[PDB]
$ cat data.csv   # CSV, C-alpha atoms and all ligand atoms
chain,number,residue,atom,x,y,z
A,1,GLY,CA,0.0,0.0,0.0
A,2,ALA,CA,0.8,3.8,0.0
A,3,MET,CA,2.5,3.4,3.5
A,4,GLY,CA,4.7,0.3,2.6
A,5,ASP,CA,4.9,-3.3,1.4
A,6,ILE,CA,5.8,-5.2,4.7
A,7,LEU,CA,4.6,-4.9,8.3
A,8,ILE,CA,7.1,-6.1,11.0
A,9,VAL,CA,5.5,-7.8,14.1
A,10,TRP,CA,7.7,-8.5,17.2
A,11,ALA,CA,6.1,-11.7,18.5
A,12,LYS,CA,6.8,-12.4,22.3
A,13,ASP,CA,3.8,-14.8,22.6
A,14,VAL,CA,2.3,-17.2,20.0
A,15,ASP,CA,-1.4,-16.2,20.8
A,16,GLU,CA,-0.6,-12.4,20.8
A,17,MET,CA,1.3,-12.9,17.4
A,18,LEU,CA,-1.8,-14.7,15.8
A,19,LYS,CA,-4.1,-11.9,17.3
A,20,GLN,CA,-1.8,-9.1,15.9
A,21,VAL,CA,-1.5,-10.8,12.4
A,22,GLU,CA,-5.4,-11.1,12.3
A,23,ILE,CA,-5.9,-7.4,13.4
A,24,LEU,CA,-3.4,-6.2,10.7
A,25,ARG,CA,-5.1,-8.5,8.0
A,26,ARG,CA,-8.6,-7.0,8.9
A,27,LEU,CA,-7.0,-3.5,8.5
A,28,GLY,CA,-5.9,-4.7,5.0
A,29,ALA,CA,-2.2,-5.6,5.6
A,30,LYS,CA,-1.0,-8.0,2.7
A,31,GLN,CA,2.6,-9.0,3.8
A,32,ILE,CA,3.6,-9.4,7.5
A,33,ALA,CA,7.2,-10.2,8.7
A,34,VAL,CA,7.4,-11.8,12.2
A,35,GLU,CA,10.4,-11.3,14.5
A,36,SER,CA,11.0,-13.6,17.5
A,37,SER,CA,13.8,-15.3,19.6
A,38,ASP,CA,11.3,-18.2,19.9
A,39,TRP,CA,11.7,-20.7,17.0
A,40,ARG,CA,8.1,-22.2,17.7
A,41,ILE,CA,6.6,-18.6,17.3
A,42,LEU,CA,8.4,-18.3,13.9
A,43,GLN,CA,7.1,-21.8,12.9
A,44,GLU,CA,3.6,-20.8,13.9
A,45,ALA,CA,4.0,-17.5,11.7
A,46,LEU,CA,4.8,-19.7,8.6
A,47,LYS,CA,1.8,-22.1,9.4
A,48,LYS,CA,-0.5,-18.9,9.5
A,49,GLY,CA,0.6,-18.0,5.9
A,50,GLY,CA,3.7,-15.7,6.6
A,51,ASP,CA,7.0,-16.3,4.8
A,52,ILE,CA,9.3,-13.3,5.9
A,53,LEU,CA,10.9,-14.1,9.4
A,54,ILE,CA,13.4,-12.1,11.5
A,55,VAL,CA,15.6,-14.4,13.6
A,56,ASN,CA,17.8,-13.7,16.6
A,57,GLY,CA,20.9,-16.0,16.2
A,58,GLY,CA,23.4,-15.0,18.9
A,59,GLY,CA,21.3,-12.7,21.1
A,60,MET,CA,18.3,-13.4,23.4
A,61,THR,CA,14.9,-12.0,24.7
A,62,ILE,CA,14.8,-11.4,28.5
A,63,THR,CA,11.1,-11.2,29.8
A,64,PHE,CA,10.6,-9.9,33.4
A,65,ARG,CA,7.1,-10.7,34.9
A,66,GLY,CA,5.5,-9.2,38.0
A,67,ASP,CA,2.5,-7.1,39.2
A,68,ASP,CA,4.7,-4.1,40.4
A,69,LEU,CA,5.7,-2.2,37.1
A,70,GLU,CA,8.2,0.0,39.0
A,71,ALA,CA,10.1,-3.2,40.0
A,72,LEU,CA,10.1,-4.6,36.4
A,73,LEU,CA,11.5,-1.1,35.3
A,74,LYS,CA,14.3,-1.2,38.0
A,75,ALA,CA,15.4,-4.7,36.8
A,76,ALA,CA,15.1,-3.6,33.1
A,77,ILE,CA,17.1,-0.3,33.8
A,78,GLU,CA,20.1,-2.3,35.2
A,79,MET,CA,19.9,-4.7,32.1
A,80,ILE,CA,19.8,-1.6,29.8
A,81,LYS,CA,22.8,0.3,31.4
A,82,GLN,CA,25.0,-3.0,31.3
A,83,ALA,CA,23.9,-4.2,27.8
A,84,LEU,CA,24.5,-0.7,26.3
A,85,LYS,CA,28.0,-0.4,27.9
A,86,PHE,CA,28.9,-3.8,26.2
A,87,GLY,CA,27.7,-2.4,22.8
A,88,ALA,CA,24.3,-4.2,22.5
A,89,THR,CA,21.3,-3.0,20.5
A,90,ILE,CA,18.2,-3.3,22.8
A,91,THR,CA,14.5,-3.3,22.0
A,92,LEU,CA,11.9,-2.9,25.0
A,93,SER,CA,8.1,-3.1,25.2
A,94,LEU,CA,5.5,-3.6,28.0
A,95,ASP,CA,3.1,-6.6,27.3
A,96,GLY,CA,0.4,-7.0,30.1
A,97,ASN,CA,2.5,-7.7,33.3
A,98,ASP,CA,5.7,-8.5,31.1
A,99,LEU,CA,8.6,-6.2,30.2
A,100,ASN,CA,10.3,-7.7,27.1
A,101,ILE,CA,14.0,-6.9,26.3
A,102,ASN,CA,15.5,-8.1,22.9
A,103,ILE,CA,19.4,-7.9,23.1
A,104,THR,CA,21.7,-8.3,20.0
A,105,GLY,CA,25.3,-7.5,19.1
A,106,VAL,CA,27.3,-8.9,22.1
A,107,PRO,CA,29.6,-12.0,22.1
A,108,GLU,CA,28.5,-15.3,23.8
A,109,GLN,CA,30.6,-14.6,27.0
A,110,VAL,CA,28.8,-11.2,27.5
A,111,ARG,CA,25.4,-12.8,26.6
A,112,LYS,CA,26.0,-15.4,29.5
A,113,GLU,CA,26.9,-12.5,32.0
A,114,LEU,CA,23.7,-10.6,31.0
A,115,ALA,CA,21.6,-13.8,31.4
A,116,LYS,CA,23.1,-14.4,34.9
A,117,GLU,CA,22.5,-10.7,35.9
A,118,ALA,CA,18.8,-11.1,34.7
A,119,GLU,CA,18.4,-14.0,37.2
A,120,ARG,CA,20.0,-11.9,40.1
A,121,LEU,CA,18.0,-8.7,39.3
A,122,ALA,CA,14.8,-10.8,39.3
A,123,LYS,CA,15.6,-12.1,42.8
A,124,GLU,CA,16.6,-8.6,44.1
A,125,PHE,CA,13.2,-7.0,43.0
A,126,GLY,CA,10.9,-10.0,43.8
A,127,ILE,CA,9.9,-10.7,40.1
A,128,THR,CA,10.3,-13.7,37.7
A,129,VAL,CA,12.4,-13.8,34.4
A,130,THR,CA,12.5,-16.1,31.3
A,131,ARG,CA,15.3,-16.2,28.6
A,132,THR,CA,14.5,-17.1,24.9
A,133,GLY,CA,17.4,-17.7,22.4
A,134,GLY,CA,21.2,-17.4,22.9
A,135,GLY,CA,21.7,-21.0,21.6
A,136,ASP,CA,25.1,-22.0,19.9
A,137,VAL,CA,25.6,-20.9,16.2
A,138,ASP,CA,25.1,-24.7,15.2
A,139,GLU,CA,21.6,-24.9,16.8
A,140,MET,CA,20.7,-21.6,15.0
A,141,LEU,CA,21.9,-22.9,11.6
A,142,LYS,CA,19.7,-26.0,12.2
A,143,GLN,CA,16.6,-24.0,13.2
A,144,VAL,CA,17.0,-21.6,10.2
A,145,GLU,CA,17.2,-24.8,7.8
A,146,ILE,CA,14.0,-26.1,9.6
A,147,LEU,CA,12.2,-22.7,8.8
A,148,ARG,CA,13.3,-22.9,5.1
A,149,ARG,CA,11.9,-26.6,4.9
A,150,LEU,CA,8.6,-25.3,6.5
A,151,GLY,CA,8.5,-22.7,3.6
A,152,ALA,CA,10.3,-19.5,4.8
A,153,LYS,CA,11.0,-17.4,1.6
A,154,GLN,CA,13.0,-14.6,3.3
A,155,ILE,CA,15.0,-14.9,6.6
A,156,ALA,CA,16.3,-11.5,8.0
A,157,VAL,CA,19.1,-11.1,10.7
A,158,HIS,CA,20.1,-7.9,12.6
A,159,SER,CA,23.6,-6.9,11.1
A,160,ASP,CA,25.2,-6.7,14.7
A,161,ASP,CA,23.9,-10.3,15.5
A,162,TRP,CA,25.1,-11.5,12.1
A,163,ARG,CA,28.7,-10.0,12.6
A,164,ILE,CA,28.9,-11.7,16.1
A,165,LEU,CA,27.9,-15.0,14.6
A,166,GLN,CA,30.5,-14.7,11.7
A,167,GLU,CA,33.2,-13.8,14.2
A,168,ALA,CA,32.1,-17.0,16.2
A,169,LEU,CA,32.0,-19.2,13.0
A,170,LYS,CA,35.5,-18.0,12.0
B,1,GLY,CA,23.6,-17.7,3.0
B,2,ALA,CA,23.1,-20.4,5.7
B,3,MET,CA,22.4,-17.8,8.4
B,4,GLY,CA,19.8,-15.7,6.3
B,5,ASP,CA,18.9,-13.7,3.1
B,6,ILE,CA,18.7,-10.1,4.5
B,7,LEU,CA,20.9,-8.2,7.0
B,8,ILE,CA,19.1,-5.2,8.8
B,9,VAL,CA,21.3,-2.1,9.5
B,10,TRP,CA,19.9,0.6,11.8
B,11,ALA,CA,21.5,3.8,10.3
B,12,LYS,CA,21.8,6.8,12.7
B,13,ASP,CA,24.5,8.5,10.6
B,14,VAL,CA,25.0,8.5,6.7
B,15,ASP,CA,28.8,7.9,7.0
B,16,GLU,CA,28.5,5.1,9.6
B,17,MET,CA,25.8,3.5,7.4
B,18,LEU,CA,28.1,3.5,4.3
B,19,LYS,CA,31.0,2.1,6.5
B,20,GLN,CA,28.7,-0.7,7.9
B,21,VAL,CA,27.3,-1.6,4.4
B,22,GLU,CA,30.9,-1.9,3.1
B,23,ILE,CA,32.1,-4.0,6.1
B,24,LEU,CA,29.1,-6.4,5.6
B,25,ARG,CA,29.8,-6.7,1.8
B,26,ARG,CA,33.5,-7.5,2.5
B,27,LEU,CA,32.2,-10.3,4.9
B,28,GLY,CA,30.1,-11.5,1.9
B,29,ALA,CA,26.6,-10.1,2.7
B,30,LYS,CA,24.4,-10.0,-0.5
B,31,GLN,CA,21.2,-8.2,0.6
B,32,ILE,CA,21.2,-5.3,3.2
B,33,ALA,CA,18.0,-3.7,4.5
B,34,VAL,CA,18.6,-0.1,6.0
B,35,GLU,CA,16.3,1.3,8.8
B,36,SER,CA,16.3,5.1,9.6
B,37,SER,CA,14.0,8.0,10.7
B,38,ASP,CA,16.3,10.1,8.4
B,39,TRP,CA,14.9,10.2,4.8
B,40,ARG,CA,18.3,11.4,3.5
B,41,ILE,CA,20.1,8.3,5.0
B,42,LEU,CA,17.4,6.0,3.3
B,43,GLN,CA,18.0,7.9,0.0
B,44,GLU,CA,21.8,7.3,0.4
B,45,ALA,CA,21.1,3.6,1.1
B,46,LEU,CA,19.3,3.3,-2.3
B,47,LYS,CA,22.1,5.2,-4.2
B,48,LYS,CA,24.7,2.7,-2.6
B,49,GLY,CA,22.7,-0.2,-4.3
B,50,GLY,CA,20.3,-1.2,-1.5
B,51,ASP,CA,16.5,-1.6,-2.3
B,52,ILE,CA,14.9,-2.8,1.1
B,53,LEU,CA,14.2,0.2,3.4
B,54,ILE,CA,12.6,0.2,6.9
B,55,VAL,CA,10.8,3.6,7.5
B,56,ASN,CA,9.6,5.3,10.8
B,57,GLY,CA,6.3,7.0,9.8
B,58,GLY,CA,4.7,8.3,13.0
B,59,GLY,CA,7.6,7.7,15.5
B,60,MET,CA,11.0,9.4,15.9
B,61,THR,CA,14.7,8.9,16.8
B,62,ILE,CA,15.9,10.9,19.9
B,63,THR,CA,19.8,11.2,20.0
B,64,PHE,CA,21.4,12.4,23.3
B,65,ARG,CA,25.1,13.7,22.8
B,66,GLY,CA,27.6,14.4,25.6
B,67,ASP,CA,31.0,13.3,27.0
B,68,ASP,CA,29.5,12.0,30.4
B,69,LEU,CA,27.9,8.6,29.5
B,70,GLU,CA,26.2,8.4,33.0
B,71,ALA,CA,24.4,11.7,32.1
B,72,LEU,CA,23.3,10.3,28.7
B,73,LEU,CA,22.0,7.2,30.6
B,74,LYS,CA,20.0,9.3,33.2
B,75,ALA,CA,18.2,11.2,30.4
B,76,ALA,CA,17.6,8.0,28.4
B,77,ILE,CA,16.3,6.1,31.5
B,78,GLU,CA,13.6,8.9,32.0
B,79,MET,CA,12.7,8.7,28.2
B,80,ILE,CA,12.4,4.8,28.5
B,81,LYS,CA,10.2,4.7,31.7
B,82,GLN,CA,7.7,7.4,30.1
B,83,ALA,CA,7.8,5.9,26.5
B,84,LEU,CA,7.1,2.3,27.9
B,85,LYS,CA,4.2,3.5,30.1
B,86,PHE,CA,2.6,5.1,27.0
B,87,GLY,CA,2.9,1.7,25.1
B,88,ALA,CA,5.9,2.5,22.9
B,89,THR,CA,8.4,0.0,21.4
B,90,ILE,CA,11.9,1.5,22.0
B,91,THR,CA,15.3,0.6,20.4
B,92,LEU,CA,18.6,1.9,22.1
B,93,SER,CA,22.3,1.9,21.1
B,94,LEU,CA,25.5,3.7,22.1
B,95,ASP,CA,27.3,5.3,19.0
B,96,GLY,CA,30.5,7.1,20.0
B,97,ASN,CA,29.3,9.9,22.4
B,98,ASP,CA,25.7,9.5,21.2
B,99,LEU,CA,22.8,7.5,22.8
B,100,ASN,CA,20.2,6.8,20.1
B,101,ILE,CA,16.5,6.0,21.0
B,102,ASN,CA,14.0,4.9,18.3
B,103,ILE,CA,10.4,5.3,19.6
B,104,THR,CA,7.4,3.8,17.7
B,105,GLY,CA,3.7,2.9,18.5
B,106,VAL,CA,2.5,6.1,20.3
B,107,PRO,CA,-0.1,8.7,18.9
B,108,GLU,CA,1.1,12.2,17.7
B,109,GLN,CA,0.0,13.9,21.0
B,110,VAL,CA,2.2,11.5,23.1
B,111,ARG,CA,5.1,11.8,20.5
B,112,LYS,CA,5.1,15.7,21.0
B,113,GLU,CA,5.1,15.2,24.9
B,114,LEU,CA,8.1,12.8,24.6
B,115,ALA,CA,10.0,15.3,22.2
B,116,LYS,CA,9.4,18.1,24.8
B,117,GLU,CA,10.6,15.9,27.7
B,118,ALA,CA,13.7,15.0,25.6
B,119,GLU,CA,14.6,18.8,25.4
B,120,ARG,CA,13.9,19.3,29.2
B,121,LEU,CA,16.0,16.2,30.2
B,122,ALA,CA,18.9,17.4,28.0
B,123,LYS,CA,18.9,20.8,29.9
B,124,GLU,CA,18.7,19.0,33.4
B,125,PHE,CA,21.8,16.8,32.7
B,126,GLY,CA,23.9,19.3,30.7
B,127,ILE,CA,23.8,17.4,27.3
B,128,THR,CA,22.4,18.1,23.8
B,129,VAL,CA,19.5,16.3,21.9
B,130,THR,CA,18.4,16.0,18.2
B,131,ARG,CA,15.0,14.6,17.0
B,132,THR,CA,14.6,12.9,13.6
B,133,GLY,CA,11.1,11.9,12.2
B,134,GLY,CA,7.7,12.5,13.7
B,135,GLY,CA,6.4,14.4,10.6
B,136,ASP,CA,2.7,14.4,9.7
B,137,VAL,CA,1.3,11.2,7.9
B,138,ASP,CA,1.1,13.3,4.6
B,139,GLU,CA,4.9,14.2,4.6
B,140,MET,CA,5.6,10.4,5.3
B,141,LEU,CA,3.3,9.4,2.3
B,142,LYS,CA,5.4,11.9,0.2
B,143,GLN,CA,8.8,10.7,1.4
B,144,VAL,CA,7.8,7.0,0.8
B,145,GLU,CA,6.7,7.8,-2.8
B,146,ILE,CA,10.1,9.6,-3.3
B,147,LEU,CA,12.0,6.4,-2.1
B,148,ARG,CA,9.9,4.3,-4.6
B,149,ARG,CA,10.7,6.8,-7.5
B,150,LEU,CA,14.5,6.5,-6.4
B,151,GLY,CA,14.1,2.6,-6.8
B,152,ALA,CA,13.0,1.2,-3.4
B,153,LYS,CA,11.7,-2.3,-4.2
B,154,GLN,CA,10.5,-3.2,-0.6
B,155,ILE,CA,9.5,-0.7,2.1
B,156,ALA,CA,8.9,-2.2,5.6
B,157,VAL,CA,7.1,-0.4,8.5
B,158,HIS,CA,6.9,-1.5,12.2
B,159,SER,CA,3.3,-2.8,12.8
B,160,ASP,CA,2.7,-0.6,15.9
B,161,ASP,CA,3.8,2.5,13.8
B,162,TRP,CA,1.6,1.4,10.9
B,163,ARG,CA,-1.5,1.0,13.2
B,164,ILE,CA,-0.9,4.5,14.7
B,165,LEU,CA,-0.7,5.9,11.1
B,166,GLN,CA,-3.9,4.1,10.0
B,167,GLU,CA,-5.8,5.3,13.1
B,168,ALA,CA,-4.5,8.9,12.2
B,169,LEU,CA,-5.5,8.4,8.4
B,170,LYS,CA,-9.1,7.3,9.4
C,201,NA,NA,21.3,-3.4,41.4
C,202,NA,NA,14.0,13.8,36.0
C,203,NI,NI,14.5,-6.5,15.7
C,204,NI,NI,13.3,-1.1,13.9
$ encode --input "data.csv" --output "structure tokens" --more "lines below"
Ligand code: NA
Ligand code: NA
Ligand code: NI
Ligand code: NI
Amino acid sequence: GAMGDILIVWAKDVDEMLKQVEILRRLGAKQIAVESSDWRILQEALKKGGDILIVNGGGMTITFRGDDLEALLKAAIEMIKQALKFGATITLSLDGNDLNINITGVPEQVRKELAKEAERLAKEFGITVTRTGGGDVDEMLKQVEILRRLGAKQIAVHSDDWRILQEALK
Amino acid sequence: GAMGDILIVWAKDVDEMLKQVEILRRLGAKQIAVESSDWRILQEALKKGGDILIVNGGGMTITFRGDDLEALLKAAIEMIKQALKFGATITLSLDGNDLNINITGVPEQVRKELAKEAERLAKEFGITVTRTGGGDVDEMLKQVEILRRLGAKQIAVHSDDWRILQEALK
């Protein structure tokens, strides 16, 4: 349409993803790209008729959950200051009682440190945390091949994530 | 390649963009998508041989600049807490002495409030700030048409940005 050709949906939950894709279709969206650290969410996006997927190879999504938003924000603020100082690109959103943090562009050693800090910050502020992605480069190569076999036409990667993975593959 | 078909570059500066595209090409990248709030950076990406562009229609990029990183972070933290509470999706990175904040998925009235708060926070912490994007929907429709005339094959929009613009166009 006049506004563009492709809509990018960041999918943090399989049901919210399907709900978002349906709302955009009813608004007349023709092509929808789905981004997720969760391989099952990307597989569900293909099954629903999508074929452009945005993968997170070497990074991860940290999701803080709790009823006190100011406590989610205190945990997230610490993750942001540390991730930025290490040279990460970070994406944040609020989703019900969840604060989602997509982190790309840091090496595996730094990713492991950030994942540990996420567990500690969750304890400090009395909230829960889940990590999605951050698998080895070999498991990513496997999951990407599976998406292609399931009918993915275009797979996109953030350039910082891709450079970390090439440095790791070398 | 085995890792994907498209690399996404977030371009906050025209020279860094051209430097990043060249580094990725030398690493053997075939297709590079460029994302920017700056229409001139997207025009430069087309001229350099790219044809997939990611536009920011109704949102904006806030860039804090200063030598004290802890002062950039204090300003950015306030922008993050407010933007998230209003339901924005936010992307952050450090670029030399700059902290870049991409904000999408808030209506024009909230965008104006965030832009003002950015000016105030910059004064409070003794740093500078520049805003890119947040133009009316009509100026976006014009700039998108200009990218298509300059040879853009695929234009992508964040789904939250696109929904704000459709609600505004209604
Ligand atoms: Na702390
Ligand atoms: Na303040
Ligand atoms: Ni992304
Ligand atoms: Ni983006």
$ calpha_fit_and_write --input "data.csv" --fixed "chain A" --moving "chain B" --output "short mmCIF file (atom, residue, chain, number, x, y, z; two decimals) with C-alpha atoms, in the coordinates of the input"
data_model
loop_
_atom_site.label_atom_id
_atom_site.label_comp_id
_atom_site.auth_asym_id
_atom_site.auth_seq_id
_atom_site.Cartn_x
_atom_site.Cartn_y
_atom_site.Cartn_z
CA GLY B 1 -0.02 0.03 0.01
CA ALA B 2 0.91 3.77 0.06
CA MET B 3 2.57 3.48 3.48
CA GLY B 4 4.71 0.27 2.64
CA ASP B 5 4.91 -3.40 1.41
CA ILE B 6 5.85 -5.23 4.68
CA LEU B 7 4.61 -4.83 8.29
CA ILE B 8 7.12 -6.11 11.03
CA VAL B 9 5.52 -7.78 14.12
CA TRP B 10 7.75 -8.47 17.14
CA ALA B 11 6.14 -11.70 18.57
CA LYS B 12 6.80 -12.38 22.30
CA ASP B 13 3.82 -14.75 22.63
CA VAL B 14 2.30 -17.22 19.98
CA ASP B 15 -1.32 -16.19 20.83
CA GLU B 16 -0.62 -12.42 20.79
CA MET B 17 1.21 -12.91 17.46
CA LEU B 18 -1.83 -14.69 15.87
CA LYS B 19 -4.15 -11.91 17.31
CA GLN B 20 -1.86 -9.12 15.88
CA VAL B 21 -1.55 -10.85 12.42
CA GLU B 22 -5.38 -11.10 12.27
CA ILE B 23 -5.94 -7.45 13.37
CA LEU B 24 -3.44 -6.26 10.66
CA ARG B 25 -5.16 -8.42 7.94
CA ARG B 26 -8.60 -6.99 8.92
CA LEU B 27 -6.99 -3.45 8.47
CA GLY B 28 -5.91 -4.70 4.99
CA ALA B 29 -2.20 -5.60 5.52
CA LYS B 30 -0.95 -7.97 2.71
CA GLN B 31 2.60 -8.94 3.80
CA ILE B 32 3.59 -9.45 7.53
CA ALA B 33 7.17 -10.14 8.64
CA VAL B 34 7.36 -11.83 12.20
CA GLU B 35 10.46 -11.31 14.48
CA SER B 36 11.06 -13.66 17.51
CA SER B 37 13.86 -15.37 19.55
CA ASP B 38 11.25 -18.22 19.89
CA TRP B 39 11.63 -20.76 17.01
CA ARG B 40 8.15 -22.17 17.78
CA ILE B 41 6.51 -18.67 17.32
CA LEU B 42 8.41 -18.31 13.90
CA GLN B 43 7.14 -21.82 12.93
CA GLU B 44 3.55 -20.72 13.85
CA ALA B 45 4.03 -17.54 11.77
CA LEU B 46 4.81 -19.70 8.66
CA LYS B 47 1.81 -22.08 9.29
CA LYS B 48 -0.51 -18.89 9.51
CA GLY B 49 0.66 -18.00 5.89
CA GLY B 50 3.61 -15.68 6.59
CA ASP B 51 6.99 -16.28 4.74
CA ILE B 52 9.32 -13.34 5.96
CA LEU B 53 10.91 -14.19 9.35
CA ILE B 54 13.38 -12.08 11.42
CA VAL B 55 15.61 -14.45 13.56
CA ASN B 56 17.82 -13.72 16.69
CA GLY B 57 20.89 -15.98 16.19
CA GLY B 58 23.41 -15.06 18.89
CA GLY B 59 21.25 -12.69 21.06
CA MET B 60 18.27 -13.37 23.36
CA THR B 61 14.92 -12.03 24.68
CA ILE B 62 14.81 -11.42 28.50
CA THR B 63 11.13 -11.18 29.82
CA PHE B 64 10.60 -9.79 33.38
CA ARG B 65 7.06 -10.72 34.86
CA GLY B 66 5.49 -9.19 37.98
CA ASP B 67 2.50 -7.10 39.18
CA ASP B 68 4.72 -4.07 40.36
CA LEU B 69 5.66 -2.25 37.09
CA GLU B 70 8.21 -0.01 39.00
CA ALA B 71 10.03 -3.26 40.01
CA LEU B 72 10.02 -4.52 36.38
CA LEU B 73 11.46 -1.08 35.38
CA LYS B 74 14.29 -1.18 38.06
CA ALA B 75 15.46 -4.62 36.81
CA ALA B 76 15.17 -3.55 33.15
CA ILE B 77 17.05 -0.24 33.78
CA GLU B 78 20.06 -2.31 35.22
CA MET B 79 19.88 -4.71 32.14
CA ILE B 80 19.85 -1.60 29.75
CA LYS B 81 22.81 0.32 31.38
CA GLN B 82 25.05 -3.00 31.31
CA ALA B 83 23.83 -4.19 27.80
CA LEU B 84 24.51 -0.64 26.28
CA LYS B 85 28.00 -0.41 27.84
CA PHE B 86 28.86 -3.79 26.24
CA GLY B 87 27.72 -2.42 22.76
CA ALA B 88 24.34 -4.14 22.52
CA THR B 89 21.28 -2.97 20.50
CA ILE B 90 18.25 -3.36 22.84
CA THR B 91 14.47 -3.37 22.03
CA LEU B 92 11.90 -2.92 24.98
CA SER B 93 8.08 -3.19 25.26
CA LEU B 94 5.47 -3.58 28.00
CA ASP B 95 3.08 -6.61 27.30
CA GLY B 96 0.46 -7.00 30.04
CA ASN B 97 2.54 -7.68 33.24
CA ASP B 98 5.63 -8.52 31.16
CA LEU B 99 8.63 -6.27 30.23
CA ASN B 100 10.32 -7.75 27.15
CA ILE B 101 14.03 -6.94 26.28
CA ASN B 102 15.59 -8.11 22.97
CA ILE B 103 19.42 -7.94 23.19
CA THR B 104 21.63 -8.34 20.05
CA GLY B 105 25.30 -7.52 19.05
CA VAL B 106 27.26 -8.89 22.08
CA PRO B 107 29.64 -12.03 22.06
CA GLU B 108 28.52 -15.33 23.80
CA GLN B 109 30.64 -14.59 26.95
CA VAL B 110 28.85 -11.19 27.49
CA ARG B 111 25.40 -12.81 26.61
CA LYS B 112 25.93 -15.43 29.49
CA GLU B 113 26.93 -12.53 31.95
CA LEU B 114 23.73 -10.60 30.99
CA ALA B 115 21.52 -13.85 31.41
CA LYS B 116 23.08 -14.35 34.91
CA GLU B 117 22.49 -10.69 35.88
CA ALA B 118 18.86 -11.05 34.63
CA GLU B 119 18.33 -13.96 37.19
CA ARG B 120 20.08 -11.95 40.04
CA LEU B 121 18.02 -8.75 39.31
CA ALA B 122 14.77 -10.78 39.30
CA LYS B 123 15.63 -12.12 42.85
CA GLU B 124 16.58 -8.52 44.13
CA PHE B 125 13.20 -6.99 43.04
CA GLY B 126 10.90 -9.96 43.80
CA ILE B 127 9.89 -10.74 40.11
CA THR B 128 10.36 -13.67 37.69
CA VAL B 129 12.44 -13.84 34.39
CA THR B 130 12.47 -16.12 31.26
CA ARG B 131 15.26 -16.18 28.59
CA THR B 132 14.56 -17.14 24.96
CA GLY B 133 17.43 -17.64 22.37
CA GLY B 134 21.16 -17.47 22.91
CA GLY B 135 21.76 -21.05 21.58
CA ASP B 136 25.06 -22.00 19.94
CA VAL B 137 25.59 -20.89 16.21
CA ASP B 138 25.11 -24.64 15.16
CA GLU B 139 21.56 -24.93 16.77
CA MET B 140 20.69 -21.53 15.00
CA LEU B 141 21.99 -22.95 11.59
CA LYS B 142 19.67 -25.99 12.28
CA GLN B 143 16.61 -23.96 13.27
CA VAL B 144 17.03 -21.66 10.18
CA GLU B 145 17.20 -24.70 7.83
CA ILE B 146 13.99 -26.04 9.55
CA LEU B 147 12.17 -22.65 8.85
CA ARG B 148 13.29 -22.90 5.14
CA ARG B 149 12.00 -26.58 4.91
CA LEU B 150 8.63 -25.26 6.52
CA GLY B 151 8.51 -22.61 3.60
CA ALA B 152 10.33 -19.46 4.83
CA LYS B 153 11.01 -17.47 1.64
CA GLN B 154 13.03 -14.58 3.30
CA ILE B 155 14.97 -14.82 6.58
CA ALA B 156 16.33 -11.49 7.94
CA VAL B 157 19.02 -11.15 10.69
CA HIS B 158 20.09 -7.95 12.57
CA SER B 159 23.57 -6.94 11.18
CA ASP B 160 25.20 -6.66 14.66
CA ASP B 161 23.90 -10.25 15.46
CA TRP B 162 25.12 -11.52 12.09
CA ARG B 163 28.66 -10.04 12.64
CA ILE B 164 28.85 -11.65 16.13
CA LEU B 165 27.83 -15.02 14.53
CA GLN B 166 30.42 -14.70 11.72
CA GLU B 167 33.19 -13.79 14.19
CA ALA B 168 32.07 -16.96 16.23
CA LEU B 169 31.96 -19.14 12.93
CA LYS B 170 35.56 -18.03 11.96
#
$ interface_residues --input "data.csv" --of "chain A" --to "chain B" --cutoff "6 Å" --atoms "all atoms listed in the file" --output "list in words"
residues 4, 5, 6, 7, 8, 9, 89, 90, 91, 92, 93, 154, 155, 156, 157, 158 and 159 of chain A
$ closest_residue --input "data.csv" --among "B:71, B:52, B:164, B:46" --to "ligand NA 202 (chain C)" --atoms "all atoms listed in the file"
B:71
$ residues_near_ligand --input "data.csv" --ligand "ligand NA 202 (chain C)" --cutoff "10 Å" --atoms "all atoms listed in the file" --output "compact mmCIF listing (two decimals) with C-alpha atoms, in the coordinates of the input"
# COMPACT_ATOMS: atom_id res chain seq x y z
CA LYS B 74 20.00 9.30 33.20
CA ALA B 75 18.20 11.20 30.40
CA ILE B 77 16.30 6.10 31.50
CA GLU B 78 13.60 8.90 32.00
CA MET B 79 12.70 8.70 28.20
CA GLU B 117 10.60 15.90 27.70
CA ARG B 120 13.90 19.30 29.20
CA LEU B 121 16.00 16.20 30.20
CA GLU B 124 18.70 19.00 33.40
CA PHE B 125 21.80 16.80 32.70
$ closest_residue --input "data.csv" --among "A:60, A:127, A:17, A:115" --to "ligand NI 203 (chain C)" --atoms "all atoms listed in the file"
A:60
$ atom_distance --input "data.csv" --atom1 "atom NA of ligand NA 201 (chain C)" --atom2 "atom CA of residue A:105"
23.0 Å
$ closest_residue --input "data.csv" --among "A:65, A:30, A:47, A:40" --to "residue A:128" --atoms "only C-alpha atoms"
A:65
$ atom_distance --input "data.csv" --atom1 "atom CA of residue B:11" --atom2 "atom CA of residue B:35"
6.0 Å
$ atom_distance --input "data.csv" --atom1 "atom CA of residue A:126" --atom2 "atom CA of residue A:68"
9.2 Å
$ closest_residue --input "data.csv" --among "B:97, B:82, B:63, B:104" --to "ligand NI 204 (chain C)" --atoms "only C-alpha atoms and all ligand atoms"
B:104
$ closest_residue --input "data.csv" --among "B:72, B:169, B:152, B:129" --to "residue B:45" --atoms "all atoms listed in the file"
B:152
$ closest_residue --input "data.csv" --among "A:13, A:167, A:119, A:108" --to "ligand NA 201 (chain C)" --atoms "only C-alpha atoms and all ligand atoms"
A:119
